[PDB]
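First, one chain by itself in C-alpha cells, the form deposited in one PDB entry.
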C-alpha cells in the first residue's frame, strides 16, 4: 500500500537525518540548532509511525483511536505488533510531546539516550509492518 510505502521511506529518511545531524554527539548538549533538527526529525518519525498505525486500525476495523497512544494500543491488543514495541513507541510519542511543546523541562539526556539506543524501535516497526 502506497501509504505504508511512503511513511516507511519517511521514517528511514528521517532517522538517517538524526544520525547525520547528531554526529559525534559532542556538539549536542550545547548547540540548540542541532537539537532542533534532531527533535523535529524524531517527531516526523513518530508522526509517520502514527499514520501507519492509524491507517491499519481503520482498515482492519480495530476501532478509530482518538489519540496516538490508543492507536499503538490497538495494534498490540490485536497482536499486529508485539507489546514490547507498543510501549517503546508510546515512549517516543511521549518524549516528542515534551521535546516539541515544552523543552524547558526536556531532560535531553533522555533524547541522547534515545538517539543512541532507542531509535531501534522505528526499524523494528518498519520491519514488522512490511
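Only the largest set of C-alpha atoms that superpose within 1.5 Å between the two forms is called the rigid core. Positions refer to the first chain, counted from 1.
One more form of this protein exists, namely the form deposited in another entry; it is left out here, but the text below deals with it.
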Using the rigid core as the fixed frame, list which single one of 21, 106, 115, 14 shifts its Cα by at least 2 angstroms between the shown form and the other one. 106
Kindly indicate if, in the other form, the C-alpha atoms of residue 69 and residue 102 are closer or farther apart than in the structure shown, bearing in mind the change is 3 Å or more. farther
Residue pair residue 86, residue 102 - Cα distance in the other form, closer or farther (3 Å or more): farther
